[PDB]
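Enquirer: Chains as they are written, first to last, in the entry's author numbering: chain L, 2 to 159; chain Y, 1 to 134; chain C, 54 to 312. Yeah, the Cβ is synthetic: ideal placement off N, Cα and C, and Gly gets one too. Take a look at the following structure, please.
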RNA sequence: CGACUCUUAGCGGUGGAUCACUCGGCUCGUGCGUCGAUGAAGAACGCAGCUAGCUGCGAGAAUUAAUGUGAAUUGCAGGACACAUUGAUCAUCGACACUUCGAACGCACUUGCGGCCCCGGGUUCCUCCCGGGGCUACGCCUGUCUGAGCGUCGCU
RNA sequence: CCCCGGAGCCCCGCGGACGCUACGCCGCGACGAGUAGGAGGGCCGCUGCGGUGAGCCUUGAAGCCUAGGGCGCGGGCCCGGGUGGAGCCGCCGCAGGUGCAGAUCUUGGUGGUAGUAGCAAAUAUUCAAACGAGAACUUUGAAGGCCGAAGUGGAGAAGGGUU
RNA sequence: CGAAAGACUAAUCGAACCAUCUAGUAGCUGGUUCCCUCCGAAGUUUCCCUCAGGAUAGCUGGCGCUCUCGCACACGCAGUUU
RNA sequence: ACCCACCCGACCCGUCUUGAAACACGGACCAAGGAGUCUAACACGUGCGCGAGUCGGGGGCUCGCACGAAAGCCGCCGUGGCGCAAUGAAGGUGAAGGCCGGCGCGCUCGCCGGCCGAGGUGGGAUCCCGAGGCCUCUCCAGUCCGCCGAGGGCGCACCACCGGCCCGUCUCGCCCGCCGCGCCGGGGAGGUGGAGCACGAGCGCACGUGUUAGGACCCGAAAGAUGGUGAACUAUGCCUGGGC
RNA sequence: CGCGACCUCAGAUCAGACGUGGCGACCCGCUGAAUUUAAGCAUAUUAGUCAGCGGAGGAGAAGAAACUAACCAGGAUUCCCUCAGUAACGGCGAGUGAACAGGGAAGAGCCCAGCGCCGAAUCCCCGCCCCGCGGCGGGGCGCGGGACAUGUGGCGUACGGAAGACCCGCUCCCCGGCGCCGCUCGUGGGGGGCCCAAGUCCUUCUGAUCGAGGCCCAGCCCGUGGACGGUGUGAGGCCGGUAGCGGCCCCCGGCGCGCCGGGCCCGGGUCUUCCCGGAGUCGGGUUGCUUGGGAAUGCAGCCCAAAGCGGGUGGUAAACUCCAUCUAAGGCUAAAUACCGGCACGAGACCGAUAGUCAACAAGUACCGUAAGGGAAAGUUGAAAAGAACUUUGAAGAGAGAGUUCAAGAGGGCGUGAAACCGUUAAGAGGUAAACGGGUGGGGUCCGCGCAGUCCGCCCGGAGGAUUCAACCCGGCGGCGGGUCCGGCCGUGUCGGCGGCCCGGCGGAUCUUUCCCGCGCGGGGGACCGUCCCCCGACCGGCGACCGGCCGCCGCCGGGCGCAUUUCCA
Ligand SMILES: [Mg+2]
Ligand SMILES: [Mg+2]
Ligand SMILES: [Mg+2]
Ligand SMILES: [Mg+2]
Ligand SMILES: [Mg+2]
Ligand SMILES: [Mg+2]
Ligand SMILES: [Mg+2]
Ligand SMILES: [Mg+2]
Ligand SMILES: [Mg+2]
Ligand SMILES: [Mg+2]
Ligand SMILES: [Mg+2]
Ligand SMILES: [Mg+2]
Ligand SMILES: [Mg+2]
Ligand SMILES: [Mg+2]
Ligand SMILES: [Mg+2]
Ligand SMILES: [Mg+2]
Ligand SMILES: [Mg+2]
Ligand SMILES: [Mg+2]
Ligand SMILES: [Mg+2]
Ligand SMILES: [Mg+2]
Ligand SMILES: [Mg+2]
Ligand SMILES: [Mg+2]
Ligand SMILES: [Mg+2]
Ligand SMILES: [Mg+2]
Ligand SMILES: [Mg+2]
Ligand SMILES: [Mg+2]
Ligand SMILES: [Mg+2]
Ligand SMILES: [Mg+2]
Ligand SMILES: [Mg+2]
Ligand SMILES: [Mg+2]
Ligand SMILES: [Mg+2]
Ligand SMILES: [Mg+2]
Ligand SMILES: [Mg+2]
Ligand SMILES: [Mg+2]
Ligand SMILES: [Mg+2]
Ligand SMILES: [Mg+2]
Ligand SMILES: [Mg+2]
Ligand SMILES: [Mg+2]
Ligand SMILES: [Mg+2]
Ligand SMILES: [Mg+2]
Ligand SMILES: [Mg+2]
Ligand SMILES: [Mg+2]
Ligand SMILES: [Mg+2]
Ligand SMILES: [Mg+2]
Ligand SMILES: [Mg+2]
Ligand SMILES: [Mg+2]
Ligand SMILES: [Mg+2]
Ligand SMILES: [Mg+2]
Ligand SMILES: [Mg+2]
Ligand SMILES: [Mg+2]
Ligand SMILES: [Mg+2]
Ligand SMILES: [Mg+2]
Ligand SMILES: [Mg+2]
Ligand SMILES: [Mg+2]
Ligand SMILES: [Mg+2]
Ligand SMILES: [Mg+2]
Ligand SMILES: [Mg+2]
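This is the structure we're talking about:
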C-alpha cells in the first residue's frame with residue numbers, strides 16, 4: 002500500500018529472477034584473460050600491427066551522430082579500384098574490405114582512397130623468401146623496423 | 001613468501017598432504033641431519049634415515065650422547081626405533097620407543113651404492129648454488 | 054551458503070490436531086530423522102534465516118578525486134613526527150622525517166644491503182619492533198590461514214625497481230611502493246593517517262610531477278591539483294593571542310557566582 | 001538432635017553444554033574440457049594366510065608387466081630377498097589382463113533351450129557322448145551373390 | 001608624583017589554572033508517570049577483519065566452578081581461590097548468520113508422577129535326585145493333570161533364510 | 001471396481017500414494033532476544049465488494065531552520081476575562 | 001553476598017483484550033538452536049568530494065597478483081547517464097525588460113540611434129553612516145581611544161503581494177516580411193491552462209529512516225498443477241486347483 | 001519359350017563400414033502448467049517459466065543482409081555498456097516491454113544448383129609391387145569390377161562471371177616421407193622424476209620447549225629463501241618445503257634448416273561478344289498459438305496460389321504514384337560468449353560437529369516403505385600405549401593395594417566436563433504450599449585488621465650525628481630569548497629589468513600556409529596571448545624559514561672556594 006507521496010513505481014521482480022542473476026566476479030579474471038590472449042596474438046602476427054587491418058573512415062548515420070566520424074568495417078570496392086589495389090590482394094596486406102558498402106558522395110570516396118594511398122606509402126611489405134624479388138621493400142626498411150604498431154593503425158581523429 | 005601459484009600454504013591441505021602421504025614420499029619427510037663431522041665431509045645437510053644407520057637422539061627424555069644403531073623405520077607412524085631407546089612395559093617386556101627422525105642426528109650412515117649416488121647428487125647441487133652465488 | 058541448504062528434505066506439516074506444533078516434519082521412515090522439524094530457521098537441520106547470497110554488494114566504489122585527496126592526506130602526515138610517532142613507529146633517532154635517500158638503493162640485490170641501510174638510517178628499531186610484535190592470532194582466523202600477525206613497518210617508496218624490491222622482501226614489516234602507483238591501503242593502514250616511509254630521491258622528486266604543486270597542474274594526472282585549504286592559520290593559539298583580536302574582546306567575566 | 005521436607009555450600013554421580021582443536025564442508029576463481037557394440041554408466045557375484053565393513057581389484061581377482069624410486073610392509077604371523085641386485089616398498093601406468101547381468105547381441109530369463117563350422121578325449125568321420133574353441137541382435141549405407149514381377153523393351 | 005623580573009597582591013590590562021581529553025572543564029534555574037510508537041547515548045555484550053597496545057600466556061590462555069573482595073542506576077565488569085591445560089585480550093576503525101522465557105517452537109537431556117499402574121484369557125501342579133558358586137523355572141526318575149486324532153500329534157504349500 | 005454403503009483401491013478415499021512446481025497464498029492464531037535516557041498517542045474523518053483490512057485527514061516523534069531578547073532599553077500569540 | 005527470624009508489603013508470567021490472578025489460551029525442568037535479512041527502485045535527511053557541471057561504468061594500458069582477483073593511470077574523461085529548459089496530443093514553438101533620443105501622426109501601434117541592464121511594494125539577521133552624550137585631579141584648548149547611541153541608509157536568505165517573459169488555449173484587432181505573394185510566413189492587445197523562466201545547484205560516493213517488489217520478520221492451511229508407484233489388502237471379471 | 005537388357009523390388013550368419021545406451025552445469029528443437037499477483041475473478045499475470053519428450057558439443061546456437069536507415073548515411077554473427085523501464089502492449093488495471101543509432105570485446109570470410117564450356121576430363125571397391133604404417137596414406141602398375149549422362153569432376157555464383165583480342169609485368173605454392181639444427185616467455189612451452197641457504201651455539205625455564213635474556217667484530221648465522229606444514233608447547237636456521245633467467249635427467253609438443261617423393265605452367269588491368277539465380281515457395285485468405293509489435297511481430301494447420309525492369313522490406317488498413325533498400329524459397333565458417341555436471345588446481349573479513357553439504361566417522365550407510373521413494377545418529381585417552389605386571393576378596397561383573405603417566409581429579413564412548421536432576425557430607429530452619437519486595441536483628445562463611453592504627457607530608461625551633469656545597473668568581477660545553485635585522489641565507493605582496501622569453505615549458509577554435517617536412521589536410525617550426533622562471537635594487541609582512549657574531553638569562557661539567565656555609569641522616 003502506498004503512503005503519502007512517491008513514484009508509483011513498477012519493479013520487474015515477479016518472474017523467478019534469482020534463478021537468472023548474473024554475477025560479475027569473473028570480470029578481473031576475464032579482463033586478464035583477454036589481455037593475455039591479446040598479447041599472444043600480437044606475438045603471433047610478428048611485425049604486423051597488433052590492431053588488425055586498416056579500416057576506412059566513415060560517417061555515422063542519423064541527424065544525431067551525423068557530424069562525427071568513426072572507423073568503418075572495411076574499404077569499398079570503388080575505393081580499392083581507384084587506389085589500384087586488387088581486392089583479393091588487399092586482404093593479404095592488412096586492408097579491411099567490405100563489399101556491401103555503397104558509395105554515395107565523392108567526398109567520402111576520395112578521402113578513403115587517400116587513406117589507402119597513405120597506407121601503401123608507410124607499409125613495409127616483407128618478401129616471401131629472404132631472397133628478395135619485386136614489391137618487397139629494402140633490407141634497410143626492415144632491419145630498422147620489424148616493429149609492431151601499437152594501437153589502431155593510422156587512427157581517425159574527428 | 002611463496003609466489004608459485006600452484007603450491008598451497010593452506011593448513012588443511014598441507015596436513016592432509018602430510019598424513020595421507022605415500023611411503024616413498026614419507027621417506028623424504030622422515031629425513032634427519034648429519035653430524036657436523038659428516039656435514040663437513042660430504043657437503044650435505046641431511047639424509048633420509050634408514051634401517052641401520054648409527055644415530056644420536058638429540059631431544060626429549062632419551063636425549064643423550066650415546067650412539068645407537070637404528071632398529072626399524074615405521075613410516076606409517078612417522079617414527080624410527082633405535083637400539084637402546086626403549087622402555088620396560090608393565091610386565092617387564094622391553095618396548096622400542098619411537099623417536100621422530102628429525103630429533104635425531106646421524107653420526108654413521110649405512111652406505112650402499114644408491115646412498116652413495118644420492119650424496120653425490122646433493123653435494124653437486126649445493127656447490128652449483130655456491131658457484132651461482134659467487 | 055548453498056541454495057539447497059536446508060531444503061533437500063521433503064517435509065510436510067502434520068497439521069493441527071496431533072498435539073505437536075505445525076512445523077513441517079520429515080515425512081515417513083524408521084529413523085531418528087522422522088517427524089522432526091524441517092526448513093524452519095529454528096529447527097535442527099533447518100535453513101538459516103535469509104541465507105546469505107553471493108550477490109550481496111561486496112565491492113564499493115569511490116570517487117577518484119576523493120581517493121586522491123586521501124592519498125595526499127596520508128603523504129602530508131607522513132611528514133609530521135607526531136603523527137608518525139603516534140602511529141607507533143619508533144622514529145626517535147631518525148635524521149630527517151620526510152626521509153629521502155641516495156638512489157644506489159635501487160641497486161641492492163641482497164637483504165644484507167637493505168638491512169645495513171636501515172640500521173645506518175636508524176630505521177631498524179621499527180623492524181626490531183615488528184619482530185617483537187610477531188605473535189599468534191586470536192581465534193578462528195587461525196584455522197583459516199591468517200594464523201600469524203604482526204606490525205606494519207617502514208614504507209619504502211621507490212621510483213624504479215632496479216633490484217630493490219628483491220632486497221627489501223624478507224625484512225618483515227617493509228612494504229615497497231612505486232611512486233607512480235601509490236595506494237592508500239598501504240600509506241594509511243587501519244585508515245590511520247601517519248606511517249614512517251623512506252623515499253628515494255628519484256621518487257621524491259617525482260611526487261610534485263604526480264600531484265602538482267599549488268600553482269601548477271599535476272602534469273601526469275591529466276586534470277588535477279592539490280585540494281585547497283579551508284583555513285590557512287591552523288594554530289589558533291597564534292590567532293587568539295594576537296594583538297588584532299584580543300584588542301577586540303570584552304574582558305573575561307570569571308568570578309564563579311555559586312548558589 | 002531424632003524421620004521427612006526446604007535452603008545454601010563441599011565432594012561424588014547423571015548428563016554432554018561450554019571452550020580449544022579440524023585430513024569436512026560452503027563460496028569465488030583458474031586451466032582443461034575426455035564415456036560407449038574394441039561392450040559405457042549402473043548392478044551382480046566373486047577375490048586377503050588370518051578380513052566382517054569401507055576401500056582396491058576380476059578366476060593373472062588387496063592385483064601381473066613395465067618405468068621411476070631405492071629398503072621396507074608391518075595388527076600378528078610368516079617369509080622372502082644377498083637392498084654391490086631389474087631391487088623390498090611406494091608412485092606412475094605405455095604392455096597385458098578384465099567373472100556375470102546391463103544399449104546388451106542365437107532365443108529365452110528358468111539361469112532354461114538351442115543351431116551351425118573347427119579342435120582334444122570319444123571315434124578311428126560312427127554318428128552319438130563328453131570337454132574346448134569360433135560364429136549365430138535389430139536397424140542402416142556402399143558394394144557382392146541368389147532371385148521375383150500379365151513392370152518396360154530386344155533378339156529369337 | 002619614578003620601574004611589578006618586583007605593587008606584594010581581592011585586581012593586577014607585563015605573563016598566566018591545581019582547571020583547558022574545548023566532543024573538556026565550570027556555574028545558575030527549572031523539571032523527572034508511561035502501553036503502542038519514536039529518537040539519543042551505552043568505557044554494555046557476542047563473533048571476524050585493518051590498525052595498534054616492544055599487550056598477556058606452560059612461572060599456566062580459553063572455558064568451568066566459587067557462603068571470597070569490589071565497582072557500576074543498569075546492560076555488565078574487574079580482581080582473589082579452585083579446576084583446566086594452549087591460546088587469548090585492551091584501544092581506534094570496519095563487518096555481521098550479534099544478545100531469548102515463551103512460538104501446542106526445534107534437537108538433546110532430566111524430574112515429579114512411582115518402586116506406582118502393572119507382569120489375571122485358555123483347569124495343574126507335587127516329591128526325590130543330578131549338575132551346578134547359585135535352582136520355584138534346567139535335566140532324569142516317580143506321581144498328578146491337560147491337548148483328546150476338526151490335536152497342543154505326524155507332514156508340506158507360501159513366507160522366512162541358517163532359524 | 002461397486003447385489004450401490006459414496007462402498008472399496010496396501011491401518012489413507014465425497015478423489016490413493018511418492019517427488020516436484022513449493023519457502024504455494026493468508027485482510028487470520030501464535031512468537032519476535034541487552035541497559036539507561038527523553039518525548040509520547042489512537043480507537044474519530046471522508047473513500048473503499050468497506051464492517052476482524054486498507055486509504056486519507058487527525059493525534060506522535062525526529063531533523064531542523066527563520067527570528068525574538070535580561071547583555072536597563074520586546075513584538076506577536078492564547079480551550080481566559082473585560 | 002549464605003542461612004534463619006520477625007513486622008509491613010506482596011495473586012503468575014507471556015499474550016489478545018474496553019477489561020486477566022482468572023473458571024481465557026501457551027508454559028513439567030535444563031542445555032544448545034531460534035525470527036525484521038539481503039538485492040533492486042524510489043523519496044527525504046545527514047557526511048564527504050567536485051561544482052554548471054558531475055560521473056564511472058563498460059573497455060583498455062600497467063604483472064607471474066604473495067598480499068591483487070586489489071592499487072594506479074586513460075584526447076577512452078566522456079559514447080553515454082543525470083544535470084544545465086520548458087510547453088504542447090501533435091505539426092511545432094521555446095523564457096527581456098527598461099529607459100533615453102530620433103524617425104513613422106508617440107496612434108499606450110510600426111521603424112531607426114544611445115544608455116542601463118534581470119523589475120517593484122512591505123517585512124527582513126546583518127553591515128554602513130552617525131547628532132549627541134559619558135568622563136579625564138583644576139580653566140580652557142585639543143588630536144587619540146572607546147562605551148553607548150537618538151536618527152538615517154544599503155539591504156542577504158526567506159515570506160506575502162504586484163508587475164514581466166516562455167509554451168498551450170481562447171477572444172479582439174491592426175500592421176509587417178519575400179527567390180518562391182500563398183488556404184505562405186511574422187508579429188500586437190486582453191484573458192486563461194502549464195509538473196515553466198525571473199544570475200545556476202547539480203552530479204558522484206557513503207550512512208540513516210520510511211515505502212514497495214522479491215521466500216522478504218519466523219512458523220502455519222483447506223487447495224491447485226506436472227510427472228511417476230501401487231489391486232501383497234479390498235472391489236469386480238476370467239483361468240486352473242481344493243473344500244463342504 | 002527360351003535367352004538377353006534395364007526398372008522396381010526381395011533374401012543372405014554375403015564383404016566392409018556405421019547407428020543403438022549413458023551423462024546432462026552450460027546448448028539446440030519441441031511440449032507446457034498451476035500455485036501466485038490483480039487485495040474477488042474469467043482476459044491478463046505467474047510464463048514460453050517448473051515438470052514432460054527429443055538431440056549435441058567443448059562449447060552449442062547464430063552468421064556473411066530479400067539488414068538498418070531516411071543520414072553529409074551505416075554494412076555478417078555473438079558479447080558488454082548504453083539506448084530504456086523508453087516506443088509499444090494491457091479488464092490502458094495489475095502489470096509487461098523491445099529495436100536502431102553511439103561506444104566497446106572480437107573480427108574472417110566462403111561454397112553450390114543453375115546458366116555455360118571442357119572425349120566423365122570424376123568417384124568407389126578390387127588385385128600386384130616400393131615406401132609409410134598405434135589418427136590406413138602416398139607412388140606406380142593391371143582390358144580387374146562397379147558408380148555415373150535421370151549428370152561426377154575443373155573453371156564459376158551476384159562483391160558480378162565467362163569467353164575473346166591486344167597494354168603491362170614476371171614465374172613459389174602445396175602436401176607424403178626421411179633427416180638435422182636452435183628445447184622455443186614468467187620470465188626453458190607442456191608432462192614426469194631427483195636435487196640445491198642458515199644455531200638444536202650459550203645460559204635458563206620446562207615432563208618435553210619451539211619459550212626468555214644472550215651471542216665483542218656493527219650487531220650469532222642465512223636471507224632472490226621471515227609462505228605453509230611437520231616434529232613431546234609458540235621454530236626463517238630440526239625435517240619437508242619456500243626463493244631463484246637455479247641444476248641435472250627423461251619424455252612430448254611446437255616451431256627453424258637440409259634431402260627425397262610427388263603434385264603445380266597456376267597473373268593483372270584495358271576494349272569487345274555473350275551469361276546470369278533456388279515453387280506447392282513467395283503472396284493472399286484463415287483459424288490457433290506467440291510477440292512490445294498495435295486493421296495480424298513471428299511460427300502453424302487448412303484453402304487459394306504467383307511473378308520476372310520481378311520479388312521483399314520501408315512499424316496504421318487500402319488505391320494511385322515517385323524514391324530508397326536489399327535479393328528470399330540451397331549450404332559451410334574460427335573469435336570475443338555460456339558453464340551449480342566432469343578431471344585437476346588455487347583462494348576466502350564463510351561455517352567450526354544441533355554449524356558447514358544429507359553426509360568431518362565403514363553415508364546415500366544403517367533403518368523404513370510392496371513400490372515410487374524416504375533417510376538418520378555418530379569427531380577428540382595420551383607426547384608416547386607407557387592401555388594398569390603382580391598380590392588379594394569374589395562364580396563373575398566388580399572392588400582393595402601395587403604400578404604407568406606431569407596427570408587416570410586423562411582408564412579404551414577416556415580433553416574440558418556447565419545446567420536440569422540425584423546421592424551424600426556440613427550448617428541452619430520447619431503447623432497457614434513455596435518463593436518474593438522493604439526494613440532490622442541473630443548466626444555463619446571468609447576478608448581486612450591491631451598483639452597502639454594512633455596515619456603521613458611541608459616548613460620551622462631546639463638537640464644529636466655525617467658528606468661537599470651551594471652564594472661567588474674563573475675555564476669549557478649546551479640551551480633559550482632578543483633586538484642592531486648588524487652581516488649573510490630564507491620567502492610573501494608590490495614595483496624595475498622584458499631580463500628566463502629562442503639558453504622556460506605546456507595550453508589555446510589567437511594568428512601566419514612569407515617558413516620546413518609529409519601528403520586543401522596532418523606533423524613540425526615561426527609569431528601572438530594565457531600561464532610557469534633568472535638578475536639586481538627599493539618598500540613592506542621580518543613571517544617558527546634559517547645561519548653567523550654580539551648581548552642578556554638559564555642549565556650541566558670541571559676549575560677554583562673548607563665551613564657561622566650548602567647538604568645527608570636520626
Ligand atoms: Mg579491436
Ligand atoms: Mg543446516
Ligand atoms: Mg574465543
Ligand atoms: Mg548438595
Ligand atoms: Mg553430541
Ligand atoms: Mg519518563
Ligand atoms: Mg515501548
Ligand atoms: Mg594439547
Ligand atoms: Mg558469519
Ligand atoms: Mg531457552
Ligand atoms: Mg503392585
Ligand atoms: Mg516335525
Ligand atoms: Mg480433491
Ligand atoms: Mg515464511
Ligand atoms: Mg480482515
Ligand atoms: Mg519532543
Ligand atoms: Mg484478534
Ligand atoms: Mg472480549
Ligand atoms: Mg496476564
Ligand atoms: Mg472467574
Ligand atoms: Mg487462541
Ligand atoms: Mg499446558
Ligand atoms: Mg541461545
Ligand atoms: Mg541527499
Ligand atoms: Mg516516504
Ligand atoms: Mg521485507
Ligand atoms: Mg506453507
Ligand atoms: Mg483453483
Ligand atoms: Mg545418446
Ligand atoms: Mg487473486
Ligand atoms: Mg489476497
Ligand atoms: Mg479466490
Ligand atoms: Mg507471457
Ligand atoms: Mg525443464
Ligand atoms: Mg556451430
Ligand atoms: Mg542468407
Ligand atoms: Mg546490427
Ligand atoms: Mg533514464
Ligand atoms: Mg511476457
Ligand atoms: Mg555443373
Ligand atoms: Mg616452521
Ligand atoms: Mg609447530
Ligand atoms: Mg632446510
Ligand atoms: Mg501472451
Ligand atoms: Mg504507412
Ligand atoms: Mg550453420
Ligand atoms: Mg557429531
Ligand atoms: Mg556433536
Ligand atoms: Mg551436521
Ligand atoms: Mg562440542
Ligand atoms: Mg567428548
Ligand atoms: Mg567435545
Ligand atoms: Mg590435567
Ligand atoms: Mg584430563
Ligand atoms: Mg573426560
Ligand atoms: Mg581433546
Ligand atoms: Mg543436618
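Determine whether the Cβ of residue 196 (chain C) lies closer than 9 Å to any Cβ atom of chain Y.
Expert: yes
Enquirer: Closer than 8 Å is the cut-off here; do at least three beta carbon pairs connect the stretch 195 to 208 of chain C with the stretch 242 to 253 of chain C?
Expert: yes
Enquirer: What does residue 107 (chain C) touch in chain L if you count any residue whose Cβ is under 9 Å from its own?
Expert: 22, 24, 26
Enquirer: State the DSSP-derived secondary structure class of residue 126 (chain L), mapped to helix, strand or coil.
Expert: coil
Enquirer: Go ahead and label residue 131 (chain C) buried or exposed: buried means 16 or more other beta carbons lie within 10 angstroms of its beta carbon, across all protein chains shown.
Expert: buried
Enquirer: Per DSSP, residue 76 (chain L) forms a beta bridge with which residues?
Expert: L:98
Enquirer: Please name the residue, chosen from L:95, L:137, L:123, L:104, that lies closest to residue 59 (chain L) on a Cα-to-Cα basis.
Expert: L:104
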